[PDB]
Structure formats: C-alpha cells, structure tokens
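Asks: Provided herewith: target.txt, compact mmCIF, N, CA and C atoms and all ligand atoms.
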```
# COMPACT_ATOMS: atom_id res chain seq x y z
N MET L 43 21.11 -4.17 -3.46
CA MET L 43 20.39 -4.87 -4.52
C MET L 43 18.88 -4.54 -4.47
N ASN L 44 18.36 -4.16 -3.30
CA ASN L 44 17.03 -3.57 -3.27
C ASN L 44 17.08 -2.15 -3.85
N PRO L 45 16.02 -1.72 -4.54
CA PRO L 45 15.96 -0.32 -4.98
C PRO L 45 15.70 0.57 -3.78
N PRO L 46 15.97 1.87 -3.88
CA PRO L 46 15.53 2.78 -2.83
C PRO L 46 14.02 2.73 -2.72
N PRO L 47 13.48 2.95 -1.53
CA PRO L 47 12.03 2.89 -1.34
C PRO L 47 11.35 4.05 -2.05
N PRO L 48 10.04 3.97 -2.33
CA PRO L 48 9.37 5.11 -2.96
C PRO L 48 9.47 6.33 -2.07
N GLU L 49 9.46 7.51 -2.68
CA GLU L 49 9.50 8.74 -1.90
C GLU L 49 8.25 8.85 -1.04
N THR L 50 8.41 9.38 0.16
CA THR L 50 7.28 9.57 1.07
C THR L 50 7.11 11.01 1.49
N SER L 51 7.97 11.91 1.04
CA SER L 51 7.73 13.32 1.25
C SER L 51 8.37 14.07 0.10
N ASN L 52 7.90 15.26 -0.12
CA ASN L 52 8.40 15.99 -1.26
C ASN L 52 8.12 17.46 -1.01
N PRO L 53 9.16 18.28 -0.82
CA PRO L 53 8.93 19.68 -0.47
C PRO L 53 8.26 20.46 -1.58
N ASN L 54 8.30 19.95 -2.81
CA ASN L 54 7.77 20.69 -3.95
C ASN L 54 6.32 20.35 -4.25
N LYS L 55 5.76 19.36 -3.57
CA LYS L 55 4.41 18.90 -3.83
C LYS L 55 3.46 19.59 -2.85
N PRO L 56 2.45 20.32 -3.33
CA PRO L 56 1.52 20.98 -2.40
C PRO L 56 0.84 19.97 -1.49
N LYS L 57 0.42 20.44 -0.32
CA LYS L 57 -0.09 19.58 0.74
C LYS L 57 -1.42 20.11 1.27
N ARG L 58 -2.28 19.20 1.69
CA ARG L 58 -3.50 19.61 2.38
C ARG L 58 -4.05 18.42 3.16
N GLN L 59 -4.89 18.73 4.14
CA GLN L 59 -5.59 17.73 4.92
C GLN L 59 -7.06 17.77 4.52
N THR L 60 -7.62 16.61 4.22
CA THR L 60 -9.03 16.51 3.88
C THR L 60 -9.65 15.42 4.73
N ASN L 61 -10.98 15.47 4.85
CA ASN L 61 -11.70 14.41 5.56
C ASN L 61 -11.41 13.04 4.96
N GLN L 62 -11.40 12.94 3.63
CA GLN L 62 -11.18 11.64 3.01
C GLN L 62 -9.79 11.12 3.32
N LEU L 63 -8.79 12.02 3.35
CA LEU L 63 -7.42 11.61 3.65
C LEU L 63 -7.26 11.27 5.13
N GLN L 64 -7.89 12.05 6.01
CA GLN L 64 -7.86 11.75 7.43
C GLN L 64 -8.55 10.42 7.72
N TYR L 65 -9.58 10.10 6.94
CA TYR L 65 -10.25 8.82 7.05
C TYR L 65 -9.39 7.69 6.50
N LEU L 66 -8.69 7.93 5.39
CA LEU L 66 -7.78 6.92 4.86
C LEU L 66 -6.70 6.57 5.87
N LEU L 67 -6.19 7.56 6.61
CA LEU L 67 -5.17 7.29 7.62
C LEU L 67 -5.76 6.68 8.89
N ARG L 68 -6.80 7.31 9.45
CA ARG L 68 -7.28 6.92 10.78
C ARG L 68 -8.23 5.73 10.75
N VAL L 69 -8.79 5.37 9.60
CA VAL L 69 -9.69 4.22 9.52
C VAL L 69 -9.14 3.14 8.59
N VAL L 70 -9.01 3.47 7.30
CA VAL L 70 -8.67 2.45 6.30
C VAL L 70 -7.29 1.86 6.58
N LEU L 71 -6.29 2.72 6.73
CA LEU L 71 -4.93 2.21 6.89
C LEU L 71 -4.75 1.53 8.24
N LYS L 72 -5.24 2.16 9.32
CA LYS L 72 -5.20 1.54 10.64
C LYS L 72 -5.83 0.15 10.60
N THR L 73 -7.04 0.03 10.04
CA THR L 73 -7.70 -1.27 9.98
C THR L 73 -6.82 -2.30 9.29
N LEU L 74 -6.28 -1.96 8.11
CA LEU L 74 -5.43 -2.92 7.41
C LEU L 74 -4.14 -3.14 8.17
N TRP L 75 -3.60 -2.08 8.78
CA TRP L 75 -2.29 -2.19 9.42
C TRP L 75 -2.31 -3.21 10.55
N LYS L 76 -3.41 -3.27 11.29
CA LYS L 76 -3.53 -4.17 12.43
C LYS L 76 -4.09 -5.54 12.07
N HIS L 77 -4.31 -5.81 10.79
CA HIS L 77 -4.84 -7.10 10.36
C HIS L 77 -3.80 -8.20 10.54
N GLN L 78 -4.30 -9.40 10.82
CA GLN L 78 -3.46 -10.60 10.93
C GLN L 78 -2.49 -10.76 9.75
N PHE L 79 -2.90 -10.33 8.57
CA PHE L 79 -2.15 -10.56 7.35
C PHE L 79 -1.31 -9.36 6.91
N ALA L 80 -1.19 -8.33 7.75
CA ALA L 80 -0.57 -7.09 7.29
C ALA L 80 0.95 -7.16 7.18
N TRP L 81 1.62 -8.00 8.00
CA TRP L 81 3.08 -8.00 8.09
C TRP L 81 3.81 -7.95 6.75
N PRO L 82 3.59 -8.87 5.80
CA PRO L 82 4.36 -8.80 4.54
C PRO L 82 4.14 -7.51 3.74
N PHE L 83 3.11 -6.72 4.05
CA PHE L 83 2.82 -5.50 3.31
C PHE L 83 3.22 -4.25 4.08
N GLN L 84 3.83 -4.41 5.26
CA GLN L 84 4.16 -3.26 6.08
C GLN L 84 5.45 -2.56 5.67
N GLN L 85 6.21 -3.10 4.71
CA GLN L 85 7.42 -2.47 4.23
C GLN L 85 7.65 -2.90 2.79
N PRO L 86 8.47 -2.16 2.04
CA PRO L 86 8.80 -2.60 0.67
C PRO L 86 9.26 -4.05 0.66
N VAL L 87 8.92 -4.75 -0.42
CA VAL L 87 9.39 -6.12 -0.60
C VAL L 87 10.90 -6.11 -0.55
N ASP L 88 11.46 -6.86 0.39
CA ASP L 88 12.91 -6.95 0.51
C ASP L 88 13.33 -8.17 -0.30
N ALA L 89 13.67 -7.93 -1.58
CA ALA L 89 14.00 -9.03 -2.48
C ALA L 89 15.27 -9.77 -2.05
N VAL L 90 16.18 -9.08 -1.37
CA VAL L 90 17.37 -9.74 -0.85
C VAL L 90 16.98 -10.73 0.24
N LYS L 91 16.37 -10.24 1.33
CA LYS L 91 16.02 -11.12 2.44
C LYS L 91 15.08 -12.23 1.99
N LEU L 92 14.14 -11.91 1.10
CA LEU L 92 13.21 -12.90 0.59
C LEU L 92 13.82 -13.80 -0.49
N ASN L 93 15.00 -13.47 -1.02
CA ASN L 93 15.63 -14.29 -2.05
C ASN L 93 14.75 -14.33 -3.32
N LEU L 94 14.41 -13.15 -3.83
CA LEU L 94 13.60 -12.98 -5.03
C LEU L 94 14.37 -12.13 -6.03
N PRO L 95 15.36 -12.70 -6.72
CA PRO L 95 16.23 -11.88 -7.58
C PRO L 95 15.51 -11.24 -8.74
N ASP L 96 14.38 -11.80 -9.18
CA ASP L 96 13.63 -11.23 -10.29
C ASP L 96 12.49 -10.32 -9.85
N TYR L 97 12.27 -10.11 -8.55
CA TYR L 97 11.11 -9.32 -8.16
C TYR L 97 11.14 -7.94 -8.81
N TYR L 98 12.28 -7.25 -8.73
CA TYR L 98 12.37 -5.90 -9.28
C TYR L 98 12.78 -5.89 -10.73
N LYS L 99 12.89 -7.06 -11.36
CA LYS L 99 12.87 -7.13 -12.82
C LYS L 99 11.45 -7.21 -13.36
N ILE L 100 10.52 -7.74 -12.57
CA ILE L 100 9.13 -7.87 -12.99
C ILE L 100 8.31 -6.68 -12.51
N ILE L 101 8.56 -6.27 -11.26
CA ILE L 101 7.81 -5.22 -10.58
C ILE L 101 8.63 -3.94 -10.67
N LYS L 102 8.18 -3.01 -11.52
CA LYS L 102 8.89 -1.76 -11.74
C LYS L 102 8.27 -0.58 -10.99
N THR L 103 7.07 -0.75 -10.45
CA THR L 103 6.39 0.30 -9.68
C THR L 103 6.06 -0.27 -8.30
N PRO L 104 7.07 -0.43 -7.45
CA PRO L 104 6.84 -1.02 -6.13
C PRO L 104 5.95 -0.14 -5.26
N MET L 105 5.17 -0.79 -4.40
CA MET L 105 4.40 -0.05 -3.41
C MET L 105 4.05 -0.98 -2.25
N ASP L 106 3.86 -0.38 -1.07
CA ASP L 106 3.70 -1.14 0.16
C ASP L 106 3.00 -0.24 1.17
N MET L 107 2.42 -0.85 2.20
CA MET L 107 1.64 -0.07 3.17
C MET L 107 2.51 0.79 4.08
N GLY L 108 3.78 0.44 4.28
CA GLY L 108 4.62 1.32 5.07
C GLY L 108 4.83 2.64 4.37
N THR L 109 5.05 2.59 3.05
CA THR L 109 5.15 3.81 2.24
C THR L 109 3.84 4.59 2.25
N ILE L 110 2.71 3.88 2.07
CA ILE L 110 1.40 4.52 2.12
C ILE L 110 1.19 5.19 3.47
N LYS L 111 1.53 4.48 4.56
CA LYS L 111 1.39 5.06 5.89
C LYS L 111 2.22 6.33 6.04
N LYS L 112 3.49 6.28 5.65
CA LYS L 112 4.34 7.46 5.72
C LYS L 112 3.79 8.59 4.86
N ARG L 113 3.36 8.27 3.63
CA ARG L 113 2.81 9.28 2.73
C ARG L 113 1.62 9.99 3.36
N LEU L 114 0.73 9.22 3.99
CA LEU L 114 -0.39 9.82 4.72
C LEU L 114 0.10 10.67 5.89
N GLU L 115 0.97 10.11 6.74
CA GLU L 115 1.48 10.86 7.88
C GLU L 115 2.24 12.11 7.44
N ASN L 116 2.86 12.08 6.26
CA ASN L 116 3.62 13.21 5.75
C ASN L 116 2.80 14.13 4.87
N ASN L 117 1.48 13.93 4.82
CA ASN L 117 0.59 14.71 3.95
C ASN L 117 1.11 14.77 2.53
N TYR L 118 1.63 13.64 2.07
CA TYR L 118 2.12 13.54 0.71
C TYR L 118 0.99 13.67 -0.30
N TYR L 119 -0.20 13.17 0.04
CA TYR L 119 -1.28 13.10 -0.94
C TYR L 119 -2.06 14.40 -0.96
N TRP L 120 -2.47 14.82 -2.15
CA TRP L 120 -3.40 15.93 -2.23
C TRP L 120 -4.84 15.46 -2.26
N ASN L 121 -5.11 14.27 -2.79
CA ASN L 121 -6.47 13.79 -2.74
C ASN L 121 -6.49 12.30 -2.45
N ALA L 122 -7.68 11.82 -2.10
CA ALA L 122 -7.82 10.43 -1.69
C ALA L 122 -7.51 9.48 -2.84
N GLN L 123 -7.75 9.90 -4.08
CA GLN L 123 -7.54 8.98 -5.20
C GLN L 123 -6.07 8.64 -5.37
N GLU L 124 -5.15 9.57 -5.08
CA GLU L 124 -3.72 9.24 -5.12
C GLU L 124 -3.40 8.09 -4.17
N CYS L 125 -4.00 8.11 -2.99
CA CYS L 125 -3.74 7.07 -2.00
C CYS L 125 -4.38 5.75 -2.40
N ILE L 126 -5.63 5.80 -2.87
CA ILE L 126 -6.28 4.59 -3.35
C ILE L 126 -5.46 3.96 -4.47
N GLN L 127 -4.91 4.79 -5.37
CA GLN L 127 -4.04 4.28 -6.43
C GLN L 127 -2.84 3.53 -5.86
N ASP L 128 -2.23 4.05 -4.80
CA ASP L 128 -1.08 3.37 -4.20
C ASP L 128 -1.48 2.00 -3.65
N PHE L 129 -2.63 1.91 -2.97
CA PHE L 129 -3.13 0.62 -2.51
C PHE L 129 -3.32 -0.35 -3.67
N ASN L 130 -3.93 0.13 -4.76
CA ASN L 130 -4.15 -0.77 -5.89
C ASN L 130 -2.85 -1.15 -6.58
N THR L 131 -1.83 -0.28 -6.56
CA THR L 131 -0.51 -0.68 -7.04
C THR L 131 0.04 -1.82 -6.19
N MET L 132 0.01 -1.64 -4.87
CA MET L 132 0.50 -2.67 -3.96
C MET L 132 -0.17 -4.01 -4.24
N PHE L 133 -1.51 -4.02 -4.24
CA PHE L 133 -2.23 -5.26 -4.50
C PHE L 133 -1.89 -5.79 -5.88
N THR L 134 -1.93 -4.93 -6.91
CA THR L 134 -1.69 -5.41 -8.27
C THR L 134 -0.29 -6.00 -8.43
N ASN L 135 0.73 -5.39 -7.81
CA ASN L 135 2.07 -5.98 -7.85
C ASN L 135 2.05 -7.40 -7.30
N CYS L 136 1.36 -7.60 -6.18
CA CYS L 136 1.33 -8.93 -5.56
C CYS L 136 0.71 -9.94 -6.50
N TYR L 137 -0.44 -9.59 -7.08
CA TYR L 137 -1.13 -10.50 -7.98
C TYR L 137 -0.34 -10.74 -9.26
N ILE L 138 0.42 -9.74 -9.71
CA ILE L 138 1.22 -9.93 -10.92
C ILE L 138 2.39 -10.87 -10.65
N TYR L 139 3.10 -10.64 -9.54
CA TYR L 139 4.33 -11.39 -9.31
C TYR L 139 4.05 -12.82 -8.87
N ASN L 140 2.98 -13.02 -8.10
CA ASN L 140 2.71 -14.32 -7.51
C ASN L 140 1.63 -15.05 -8.31
N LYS L 141 1.17 -16.18 -7.80
CA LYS L 141 0.23 -17.06 -8.47
C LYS L 141 -1.06 -17.19 -7.67
N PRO L 142 -2.19 -17.53 -8.31
CA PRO L 142 -3.42 -17.76 -7.54
C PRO L 142 -3.22 -18.85 -6.52
N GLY L 143 -3.81 -18.67 -5.34
CA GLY L 143 -3.66 -19.64 -4.27
C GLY L 143 -2.35 -19.60 -3.51
N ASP L 144 -1.38 -18.79 -3.95
CA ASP L 144 -0.22 -18.51 -3.11
C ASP L 144 -0.68 -17.92 -1.79
N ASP L 145 0.01 -18.29 -0.71
CA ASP L 145 -0.35 -17.75 0.59
C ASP L 145 -0.36 -16.23 0.57
N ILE L 146 0.65 -15.61 -0.04
CA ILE L 146 0.71 -14.15 -0.04
C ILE L 146 -0.45 -13.57 -0.84
N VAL L 147 -0.89 -14.26 -1.89
CA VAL L 147 -2.01 -13.77 -2.69
C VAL L 147 -3.32 -13.85 -1.91
N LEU L 148 -3.55 -14.96 -1.22
CA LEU L 148 -4.76 -15.07 -0.41
C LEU L 148 -4.78 -14.02 0.68
N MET L 149 -3.61 -13.75 1.27
CA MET L 149 -3.49 -12.69 2.26
C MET L 149 -3.79 -11.33 1.63
N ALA L 150 -3.22 -11.07 0.44
CA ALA L 150 -3.51 -9.82 -0.27
C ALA L 150 -5.00 -9.67 -0.53
N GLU L 151 -5.66 -10.75 -0.95
CA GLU L 151 -7.07 -10.64 -1.31
C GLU L 151 -7.95 -10.33 -0.10
N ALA L 152 -7.60 -10.87 1.08
CA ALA L 152 -8.36 -10.56 2.28
C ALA L 152 -8.19 -9.10 2.69
N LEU L 153 -6.97 -8.57 2.60
CA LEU L 153 -6.75 -7.16 2.89
C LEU L 153 -7.45 -6.27 1.88
N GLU L 154 -7.42 -6.65 0.61
CA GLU L 154 -8.10 -5.86 -0.41
C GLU L 154 -9.61 -5.88 -0.20
N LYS L 155 -10.17 -7.05 0.11
CA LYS L 155 -11.59 -7.13 0.46
C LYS L 155 -11.92 -6.14 1.57
N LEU L 156 -11.11 -6.13 2.62
CA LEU L 156 -11.28 -5.19 3.73
C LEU L 156 -11.12 -3.75 3.28
N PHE L 157 -10.06 -3.46 2.52
CA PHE L 157 -9.85 -2.13 1.97
C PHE L 157 -11.09 -1.66 1.20
N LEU L 158 -11.64 -2.54 0.36
CA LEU L 158 -12.79 -2.17 -0.47
C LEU L 158 -14.00 -1.79 0.38
N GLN L 159 -14.21 -2.50 1.49
CA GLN L 159 -15.33 -2.17 2.37
C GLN L 159 -15.13 -0.81 3.02
N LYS L 160 -13.93 -0.54 3.52
CA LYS L 160 -13.66 0.75 4.14
C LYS L 160 -13.72 1.89 3.12
N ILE L 161 -13.33 1.63 1.87
CA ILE L 161 -13.34 2.67 0.85
C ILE L 161 -14.76 2.96 0.39
N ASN L 162 -15.67 1.99 0.51
CA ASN L 162 -17.08 2.24 0.25
C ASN L 162 -17.71 3.16 1.29
N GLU L 163 -17.13 3.24 2.49
CA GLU L 163 -17.61 4.09 3.56
C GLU L 163 -16.91 5.45 3.60
N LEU L 164 -16.27 5.84 2.50
CA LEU L 164 -15.51 7.09 2.47
C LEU L 164 -16.43 8.28 2.74
N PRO L 165 -16.07 9.17 3.66
CA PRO L 165 -16.86 10.41 3.83
C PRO L 165 -16.83 11.25 2.57
N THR L 166 -17.90 12.01 2.35
CA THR L 166 -18.02 12.81 1.14
C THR L 166 -17.08 14.02 1.20
NA NA B 1 -0.35 -13.84 -10.78
```
Step by step, read the file and then write its structure as structure tokens.

Replies:
Amino acid sequence: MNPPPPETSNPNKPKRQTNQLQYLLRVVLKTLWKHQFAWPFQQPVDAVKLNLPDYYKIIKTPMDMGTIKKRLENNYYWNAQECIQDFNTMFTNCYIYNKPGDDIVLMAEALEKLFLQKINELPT
C-alpha cells in the first residue's frame, strides 16, 4: 500500500562531484541527519505503519532525507539545485499534508531553519 520509494540511482543520468554537492552531503545533510528532530524525515513516509490512508492521495511527489542521502551518496545529482529542490519538496509535503502547530510541522520548520542557514554558507 506504500508506493515504491523515489529512485536514488539511475545509470542513464550523467554524474559528477562538485564542491557544492560534497558540501550538501558532508555538511548540510549530516547536520540535519543528526538533529534531534530528524527521525520522521529519515525515510519515506510509511503511510501503512503511520495509519495515513490518504497521505499518498494528497502527496503525489514524496520526498525524504533518506532518499536525499542516498541520492547524494550515489552521485544522483548533477547540481546543487536538484538537491535543494528535493529538500524543499520534503518540507513542502509536510506543510501541505499537516497543520500549523502540528508536532511534525514544528519539527520540519526547525530542520528547514537549519537547512536554510547551511545553504546560505554554500561554497561558490
Ligand atoms: Na498545512
């Protein structure tokens, strides 16, 4: 009843390593990954275990930090903006599905605040 997770590697997609991508993996993602609030974002939303039958009726573009982490480790991204887009998908899904002041939303907002600070420090 869960959808398959987003793809995290693709043999047909060109690959490269850049400073911005190495920074996204070794600084931005690590920082968020080890945050007190990271657990619910470390894997795709499991609508079965969470008992959310409408999650994937509302959320059609799922994203999560476990997928982002794999995509980085697998050199899935060609540029930093693809990865930043995935983070904003993850956050935006949370804010769309949930309500203001929900525990998961407040947790999302703290991680996004942190993400935004690290993304402001992106190497050129
Ligand atoms: Na909302």

Asks: Within 6 Å of region 63-79 of chain L, counting all atoms listed in the file, which residues qualify if same-chain residues fewer than 6 places away don't, as a list in words?

Replies: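 My reading of the contact set: residues 122, 149 and 160 of chain L.
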
Asks: Report, in Å to a single decimal, how far apart atom C of residue 109 (chain L) and atom C of residue 144 (chain L) are.

Replies: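 Here the two named atoms are 23.3 Å from each other.
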
Asks: Under the rule that only C-alpha atoms are counted, which of L:89, L:80, L:104, L:61 is the nearest residue to residue 151 (chain L)?

Replies: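 Closest to residue 151 (chain L) of all the choices is L:80.
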
Asks: Rounded to one decimal, what separation in Å do you get between CA of residue 163 (chain L) and atom C of residue 127 (chain L)?

Replies: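 Those two atoms sit 17.5 Å apart.
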
Asks: Nearest to residue 102 (chain L) among L:135, L:60, L:116, L:159, with distances taken over only N, CA and C atoms: which residue is it?

Replies: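 Closest to residue 102 (chain L) of all the choices is L:135.
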
Asks: Could you produce a table of the residues of chain L lying within 12 Å of ligand NA 1 (chain B), with the nearest pair of atoms per residue and their separation in Å rounded to one decimal, using only C-alpha atoms and all ligand atoms, ordered by chain and increasing residue number, as CSV?

Replies:
```
residue,atom,partner,partner_atom,distance
L:100,CA,B:NA1,NA,11.4
L:101,CA,B:NA1,NA,11.9
L:133,CA,B:NA1,NA,10.8
L:134,CA,B:NA1,NA,8.9
L:135,CA,B:NA1,NA,8.7
L:136,CA,B:NA1,NA,7.4
L:137,CA,B:NA1,NA,4.4
L:138,CA,B:NA1,NA,4.2
L:139,CA,B:NA1,NA,5.5
L:140,CA,B:NA1,NA,4.5
L:141,CA,B:NA1,NA,4.0
L:142,CA,B:NA1,NA,5.9
L:143,CA,B:NA1,NA,9.3
L:144,CA,B:NA1,NA,9.0
L:146,CA,B:NA1,NA,10.8
L:147,CA,B:NA1,NA,8.3
L:148,CA,B:NA1,NA,11.3
L:150,CA,B:NA1,NA,11.7
```

Asks: What separation in Å, quoted to one decimal, exists between CA of residue 112 (chain L) and atom N of residue 99 (chain L)?

Replies: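 These atoms are spaced 24.0 Å apart.
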
Asks: Tell me, as JSON, numbers by chain, which residues lie within 12 Å of residue 54 (chain L), counting only C-alpha atoms; anything in the same chain fewer than 3 positions away does not count.

Replies: {"L": [51, 57, 118]}

Asks: Have a look at L:43, L:48, L:166, L:85 and name the one nearest to residue 62 (chain L); count all atoms listed in the file.

Replies: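 Residue with the minimum atom-to-atom distance to residue 62 (chain L): L:166.
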
Asks: Restricting the calculation to only C-alpha atoms: of L:105, L:164, L:92, L:152, which residue gets closest to residue 130 (chain L)?

Replies: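 Of L:105, L:164, L:92, L:152, the one nearest residue 130 (chain L), counting only C-alpha atoms, is L:105.
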
Asks: Edge lengths and centre, in Å to one decimal, as AutoDock Vina command-line options: that's what I need for the box along x, y and z that holds all listed atoms of region 103-110 of chain L plus 3 Å on each side.

Replies:
```
--center_x 4.1 --center_y 2.0 --center_z -2.7 --size_x 11.9 --size_y 12.3 --size_z 21.5
```

Asks: Run DSSP on the backbone and give me the residues of chain L it puts in alpha helix (DSSP H), as a PyMOL selection string.

Replies: chain L and resi 61-65+72-75+89-92+97-100+107-115+122-139+145-162

Asks: Tell me, as a ChimeraX atom specification, which residues lie within 6 Å of residue 58 (chain L), counting only N, CA and C atoms; anything in the same chain fewer than 2 positions away does not count.

Replies: /L:56,60,117,119-120
